[PDB]
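In terms of this note's numbering, the sequence shown opens at residue 897 and continues consecutively.
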Amino acid sequence: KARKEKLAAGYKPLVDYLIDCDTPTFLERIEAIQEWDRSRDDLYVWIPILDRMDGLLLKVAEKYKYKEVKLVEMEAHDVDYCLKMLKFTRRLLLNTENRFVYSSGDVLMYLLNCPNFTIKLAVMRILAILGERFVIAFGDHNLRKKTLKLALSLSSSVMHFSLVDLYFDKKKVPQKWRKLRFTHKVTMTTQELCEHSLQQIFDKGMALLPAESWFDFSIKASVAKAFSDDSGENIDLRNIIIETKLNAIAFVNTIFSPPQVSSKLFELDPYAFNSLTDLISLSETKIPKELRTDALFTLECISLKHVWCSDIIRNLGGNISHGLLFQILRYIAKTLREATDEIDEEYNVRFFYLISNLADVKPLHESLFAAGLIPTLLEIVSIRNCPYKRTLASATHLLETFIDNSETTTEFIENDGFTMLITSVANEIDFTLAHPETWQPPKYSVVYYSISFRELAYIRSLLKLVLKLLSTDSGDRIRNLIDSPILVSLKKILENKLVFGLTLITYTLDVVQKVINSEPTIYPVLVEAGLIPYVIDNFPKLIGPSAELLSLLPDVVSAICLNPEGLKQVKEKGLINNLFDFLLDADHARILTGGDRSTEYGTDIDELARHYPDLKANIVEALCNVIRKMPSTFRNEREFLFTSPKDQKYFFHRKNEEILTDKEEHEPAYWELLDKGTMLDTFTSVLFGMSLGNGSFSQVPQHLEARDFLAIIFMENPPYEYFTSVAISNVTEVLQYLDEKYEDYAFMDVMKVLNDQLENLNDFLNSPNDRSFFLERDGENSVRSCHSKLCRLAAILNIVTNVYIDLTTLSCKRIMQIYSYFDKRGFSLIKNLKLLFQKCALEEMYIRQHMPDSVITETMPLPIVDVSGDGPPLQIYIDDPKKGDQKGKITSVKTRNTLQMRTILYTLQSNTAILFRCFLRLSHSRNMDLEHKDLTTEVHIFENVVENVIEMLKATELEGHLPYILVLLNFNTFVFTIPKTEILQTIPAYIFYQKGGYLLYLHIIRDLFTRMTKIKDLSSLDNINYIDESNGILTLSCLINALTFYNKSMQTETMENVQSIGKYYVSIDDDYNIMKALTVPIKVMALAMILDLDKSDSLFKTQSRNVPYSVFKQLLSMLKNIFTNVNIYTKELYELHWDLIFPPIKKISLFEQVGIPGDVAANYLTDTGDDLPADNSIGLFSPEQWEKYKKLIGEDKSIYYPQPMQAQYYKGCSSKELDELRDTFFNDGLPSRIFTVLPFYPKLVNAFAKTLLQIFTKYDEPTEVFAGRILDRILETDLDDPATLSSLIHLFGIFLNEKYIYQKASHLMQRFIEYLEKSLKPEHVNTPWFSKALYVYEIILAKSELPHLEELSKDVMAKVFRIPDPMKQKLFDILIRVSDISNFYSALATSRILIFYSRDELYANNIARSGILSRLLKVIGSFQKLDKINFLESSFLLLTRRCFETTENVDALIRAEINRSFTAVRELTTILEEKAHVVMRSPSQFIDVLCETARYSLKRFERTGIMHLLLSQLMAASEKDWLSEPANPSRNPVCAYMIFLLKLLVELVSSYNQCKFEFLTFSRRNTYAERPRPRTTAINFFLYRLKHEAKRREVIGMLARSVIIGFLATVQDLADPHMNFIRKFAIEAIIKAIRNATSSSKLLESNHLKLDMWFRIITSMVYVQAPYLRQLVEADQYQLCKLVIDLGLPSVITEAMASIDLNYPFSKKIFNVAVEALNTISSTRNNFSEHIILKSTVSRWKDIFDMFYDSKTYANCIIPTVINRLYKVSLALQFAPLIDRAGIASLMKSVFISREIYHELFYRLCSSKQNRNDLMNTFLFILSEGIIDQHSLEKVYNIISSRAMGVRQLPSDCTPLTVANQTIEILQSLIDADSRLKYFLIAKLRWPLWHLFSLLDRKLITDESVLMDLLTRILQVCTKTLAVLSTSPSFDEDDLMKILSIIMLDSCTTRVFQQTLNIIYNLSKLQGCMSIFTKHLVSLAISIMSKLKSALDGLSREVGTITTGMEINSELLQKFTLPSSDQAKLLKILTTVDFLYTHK
């Protein structure tokens, strides 16, 4: 954006010129701008004009209300007024760049409704150029319809007559156009139109037809009015209409897709291309110039879509040297050489762009190259003294684009291209320098040249071409050919930068560098030429503001340095200094992007240093200079905070203040605009690039102290956005690199800088805390100064945290450096950071208290580039953050100031918090041993930080500052935790406790609880999806944070395990673990607080939910933690002081004051056991020393030893007090208060259990007793109270889940079962408790179903409760009778229980008969909008399957699984563990199978009705709408229901035979016929009846295909008769469907969708499978193929294709799928010797097992019985035609339709003799008598269609060329692939081969290069084989002449020539051919020689005549330069004879 603003500033004078003028002057001004003398101006700078124009245009529209619309003509005045603007807009768009900024299109769309056709033409012309960018890299349907209607206006040609004929007297206008006949009816005769005026005609038509037709009438009437006139203005209107048609054709191609264009416009107007190409010819002057240009532009636009490009070539004669295209090119050359006004440079450039677009296509590129494009372009370019430099520049660019491959380069060079280019460049430069008068640089722009920019463009194109050629083949180009005068011209260019601009200098230096790098031996020559000496001696002059030039500079320096003398010159002259000095200039710096380009420049400099180490010393030095110099360039550029105009105040001061609502950009962007901003953004990128290489830049620490480096990073007074700038990112990377290389380079300096900056802010930090600093100082100058300081500090903190002090980057040396800094500098930094965070939070809060709420959401700082949000400061929103309130509305000066303030404060707080966390972590991050000198400092830092945090907390009262207290609590939680869940930092927390921090937290918690009790409503708090400034929500959040911290600091699982206190002290009693010891006092305090709350009757004993759920959850977690046991008995905790850590520093300091050495004192202290010397008996102290010590020791000796902590809240805090409080609570608290409290908090029932289980678990009271208490409560409760009963039952279930209670709860389970039987009834299915009841039952049932355990007799698990059988039956009966279910959870529980109950076959049968599945399915459908629905779905899916698994099926499955397990010696335990689910499915059968197979190692020795229900529900749902999306694929509930049903059906039908049988015999009428006969209802339903809607249809179609395929597949367990029968049934159904659908073409058009689906299905069924179903067989494939072929399907497909029309749109797509199906059948014939998640059944068994037995060890329970069976006994004992000759004809239609699948299919069919013969015969028939003429082609197509079926119009796009191409391509591919075919051709028309020879006599083939090439390849292969046969049919002179004629053909390219030579040689191998060949070659040469002699005589005479200045006749040169010249043919003849007589 900054670059665009700078460019606009540069262009400013133009905008002033074009905007300062009024409308009458503005129009006459824009009219004057016709020719552009400067490069394409970016449209951005033209935006100011556009808008103006836009508005003005709108006015005219509003004058006539074109914005229905009447048919009123714009007055001539307004017509001209709008034209003068539209034409200028066209010109601007033509001569501009980056047009996407154009946005006034809607004005054009509205104007498009104007009836007058001139405005239509202008608007269409404009729109055409619009959208070109879209196609290179509008959506209104009305616009598309209108443009399409415009395009079809008139007919390109009518019966022939074409509009091009209008401008000739050889024909008369068609009489159809001379009369008006419009229909929608309106009719006007020839005479009627003349009299009636155009507006009168519009009025007449308007009264007759509705509004929607008027537009079209306006066209037709106009056309009728235009054509219905002998002469006059009608002719001009006729031309305007034609031009409008052309422009509409151009535009429609841009918007419509290629197929859409073809099927919408060209089919309606087939003769469009010919008419277009008939107009662009320059040779005829009769055509209007505007019309010709419009036609050329239309062709250019069409060429963008390459699909049509080829056609254009064929129309333009681009493939023949004498075609229209080359005629136009030669006429262009002629007109240029004559200097006549006929020249139209616009036309020429358009033509060259069109040619380049055509050449973009490879086959078209080859066609153009062979036709002789390069010689013609050379003819154009080689002109001398041509003043039309634009045409030459465009031609040269075209030539450069064309020459890409080796052959083109060789062709260009052979024709003397390079010498001509060099001479042209030299002459151009010399002439430009020698004629200053011709100079005319552009105005109204910033340029660096004085030439007219025509010469500039010409020379630039020439130099680009020269560079291309040099790069192609450097060897000779850059050495032998560049020794022309070009070098002196390049020297002139370098010497005249001011004249030749920076682009030419760039290209000259690029050429010099390229030539030097390749063949460096040329270096002296340049030195002799004076080029390199000039570059070396004037390097600074060359440097200029151009990105490419600057990027190139290091390459130039390297090239110069390639020579040792050059290197010495570079070192002496100091060019390296120039490589860097420019970076100090903003202009150069801005041009170099601060991104990829700058980094590339840096890496280039680094590579230069690497190549030549001698330069390193200089390069580094250069850096060290610029870095030192840069700070001098910094200056106070501008200001970033502006006072508001109304009150002169920066920030708001009241919540109700109105907003000025300015218009500027919402969020200011300053850094990029600042000069120093971009300068640093570029320089730091360069530094980062250099550092990447790890080369020279590593030495900058030498010669440059870190202070100077930092001087440029932390520059004074940066913008608020500096810390997010790219400069800071690059500096971060560079400093990380340097820190890694030099850890002790900058860290100390940056820390000192940060400390100094914080010191400077002393006034701000120490301001009063009761009022905002800024708002108090608002309106003063000090505000700006303070904000500048804060911005600098924010940058410093960002650098420090991101680079040096980061948890990830905490290296050992880093930690030691931190210790050293804090040791030698003091801890003022910690206090300053505390004050900084305090003040930032206070300012945030206070500011938010005075801004209007609208602004607060506008100035939220959170969305910073790389903050991520997580971590402090906590953000308090006013609206929901996740909503669409993305800000950006209602800006203002005050709003921007506040946004800057808030962003700076946020970043400061965040970085301060990160720093504090790192300081509290320090050494514990690395776990590195620390000496006493270091460990002492670490604890000192911890003490200071913790005391500062505590002071921060104590400072502010809790009332009225909740938004600040919340931030403080969040910051405390963040600081005291380690990232991971987060784990508390144990030692900082211990120090926090010892200073009373937890006491403050307890006080805050109690105060917040009292405040919460005063909140009127608590339900609203439960809707806390985000934090809000509401008092209630803030209080809740603060309380939650405090309680979360307290919990965090009570669980040993979430506290860092620092070692015991023995590390620190030695004068201690017990070395208690710090982590465990700390927990006890916290528990005591928390328990005391809870006891107090209960005493207040606030927490428990309440009759209502007077506490939010989250708070109660936290309290329950605290209760759970308090009653956990940690093995420790603390009697006293010692304060952790840094003085007293052994050895005591306090004593050591005293000894040092006495005089004893520190080391000596430490040794004495260690030896003396930490005891002071009571006497001098040790003798350590001298008499005077002892005298001083005894005085300085002090009277109190306790200060020198650790002292116990004081009791904080309770009487004490030792473990004894904790036990006392636990006992007190246990006998009066929750264990008795649970029931009176539980019902009020149902959602927390689980949380309750975990707590209670803990309590008793500590006191060992019988849990079963409490479970019995719960059961008694349940029994007491009446069913009228579901709310309490459900919670009670859920709690009972949770208790019973634990294995302890379950083991001891047999009687409880029995009683509960009895109660459930006596009370549960189907009427309660909807009540909530019901579900929970079943859940409890499930818990019993899952364990009552475990395999029974037997006893053991001879050889080398706990108990379970078995439900009484009658109770089981009673419960099943109650469940089955369940009526309609309305509760989702009830249905889920019922399904889960039935899963267990269905294991037995009889129970499954009862479930199926009962119909409960129907009710469950109804529930599933009803609740499809519930998120949890999936859980039910899966459950149901598992249940239904178990209803089909009969005993035999499960037996077979377990047999297969066991066999797979064995075949995959093993042990019984591992087998059971792996196959636990299989065991659980049927333990008895598994035991039987295992006993049968193995011998704990083991030696490797009948209508269910479910399918009826599923299908009926599926189709009924299909009736409803399952395509429309909901307001605002699974989103549609019906779609989700249908996909679930289809997945279930796929699984069921694929897995079980019974499912297949039921699917086969489905009956929608529920016919009760025993053994129901097979019905097609289901198959028919699936086949026929079944952007977002597109995806839904695709998904459902895929599912239906999978369903049908699975039905066809074989059930996982030689053809089974039943499977064979069902496969036959389905195949016959599909065959019948296809036969019925394909009858007649109309039915096919109607049901193409169904036909495509059926063909996809039939392809999938045979190939392998369908989509999905992969997780659920070769035998199936083979059997399906056999049945398909036997049933006669391939015939059916062929007859389906034979009935297609080939003209309809979709009919061409059905053919492809039919061919795909046939190819798939042929491929799956590969058995020649013979000729959304889905899971398998076992996977579903595993899922069922996991649903209830997630232990995997219950299988071991069955181990005993196996031993009782096996080891008890074992130990005591041990082709034909696929198609029928009629589908082949149907298949041949593929050659008449505009590929690999066809090749494969034909190759496969060739394997059968009959099919091979028929196919080859049909191919040869088509070639022989199909490719002659359109009539013959249609006749052969009709014959083929008749044969296929047993007159039809050929497709319009089908022509003999396309048919011939496709046929020959297929034939050649077949011949190459199969060697048997060519023998068919070999085996005169009798021989098939002689048909192909006939093709050589047809202009259709001989004139086409590709057809000739393919035909020659085929003939080469055939003739080689024939010659081999002859040496290991007969030919006559006519055939040899025919073959030899190929040489004479102009289409005989290199490949064709080589193949023809091979053919001729092979024929010569045959007898009697060499003589004929020679006799004909001599005659051909003799014939050519006369022409050559005449041409040579003419050329000799002409060359002799020339006398300078003139040029050889173009016509005479044509006889030689053209590739069809006689000389080339003579060379070919001679080469051919030589090859014949030498190939031996």
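We put the beta carbon where it would ideally sit given N, CA and C, even for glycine.
Given residue i as reference, the closest of the options once Cα atoms are compared
i            : options                : result
residue 2337 : 2318, 2603, 2220, 2304 : 2304
residue 2493 : 1086, 2553, 2452       : 2553
residue 1973 : 1596, 1882, 2428, 2895 : 1882
residue 1322 : 1912, 2100, 918, 1382  : 1382
residue 1488 : 1612, 1439, 1999       : 1439
With 16 other Cβ atoms within 10 Å as the buried cut-off, status of residue i
i            : result
residue 1034 : exposed
residue 972  : exposed
residue 2058 : buried
residue 2075 : exposed
residue 2197 : buried
Where residue i falls: helix, strand or coil (DSSP)
i            : result
residue 1083 : strand
residue 2894 : helix
residue 1969 : strand
residue 2101 : coil
For residue i, the residue or residues it bridges with in DSSP
i            : result
residue 2092 : Residue 2092 is not bridged to any residue.
residue 1297 : DSSP output for residue 1297 lists no bridge partner at all.
residue 1880 : 1873, 1951
Boundaries of the beta strand (DSSP E) in which residue i is found, first to last residue
i            : result
residue 1078 : 1076-1078
Unbroken alpha helix (DSSP H) run spanning residue i, endpoints
i            : result
residue 1014 : 1013-1025
residue 1565 : Taken as a continuous stretch (DSSP letters only), residue 1565 belongs to no alpha helix (DSSP H), as it is neither H nor E.
residue 1687 : 1678-1695
residue 1632 : 1622-1637
residue 1797 : 1789-1817
residue 1204 : 1202-1212
residue 915  : 898-915
residue 2631 : From DSSP, residue 2631 is part of no alpha helix (DSSP H); its letter is neither H nor E.
residue 2005 : 2005-2018
residue 1397 : 1393-1413
residue 1110 : 1107-1123
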